[PDB]
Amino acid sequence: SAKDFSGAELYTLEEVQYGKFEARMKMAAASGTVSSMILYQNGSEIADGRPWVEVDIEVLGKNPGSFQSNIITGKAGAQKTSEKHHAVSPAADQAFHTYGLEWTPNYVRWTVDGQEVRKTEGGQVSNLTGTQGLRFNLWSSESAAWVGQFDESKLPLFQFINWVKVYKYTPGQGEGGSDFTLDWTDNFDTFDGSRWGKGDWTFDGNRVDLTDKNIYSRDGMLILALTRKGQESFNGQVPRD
């Protein structure tokens, strides 16, 4: 649209209340970029007084060896946040890792390759009311302090998603008596339009227009691309997981 760069956002058409969410991915990273997996209550961004409900995993480009976790509550223009950082090894853009988010009435948990890196309870959790959809996005932030100055010479960049698993919150009824039960898996052999949407919008602080042109399906993976406007393409080699 009106911006000079093109990014991408894969989002579930449906939203859910609570659950466990896993995504097998190799993230993108260069100074200035944001490569993510998030839970998001659609409409949170509307400043009409309604609450903001969001849980994040965001690889900040200048620091590929870690990701920032966050929970955003409060409301548009007055967000309450809780940014923390977690080391990832090998670096997020150097290997596939399984990223997990668990959201229940009592806590939000973040896992990497099955290991807990963060568990939050309390106020913000009590305010993650309603439903959230699962999304993945690749963009560039104008806050250099947050992600580093944007190095356009590193473009194009790609985030690869091998598969996604979504589990329903079934307290005390999952396997081994756990609290989750697998609901569905998407192996990304194709782009399933009955399950996912491709974003076509932008927001303040984002120097890219999220576009459906930058979501590709190849060799069993879903690819999100960050490119200069007018150079939207993927010709490279899809990595092996």
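Start at 1 with the first residue shown and count on from there.
The question of which stretch, 2-10 or 232-240, has the higher mean Cα B factor is settled in favour of 232-240. For the pair 213-221 and 17-25, the record assigns the higher mean C-alpha temperature factor to 213-221. Note on 54, 58, 186, 204: the highest value goes to 204, judged by CA B factor as recorded. Sorting 104, 140, 89, 159 by the CA temperature factor given in the entry leaves 89 at the top. Sorting the modelled residues of the chain by their CA temperature factor places residue 38 in the lowest third. The PDB entry assigns residue 133 a C-alpha temperature factor belonging to the lowest third of its chain's modelled residues. Ranked by C-alpha B-factor against the other modelled residues of its chain, residue 112 falls in the middle third. In this PDB entry, the Cα temperature factor of residue 170 sits in the middle third of its chain's modelled residues. When the modelled residues of the chain are ordered by C-alpha B-factor, residue 32 sits in the middle third.
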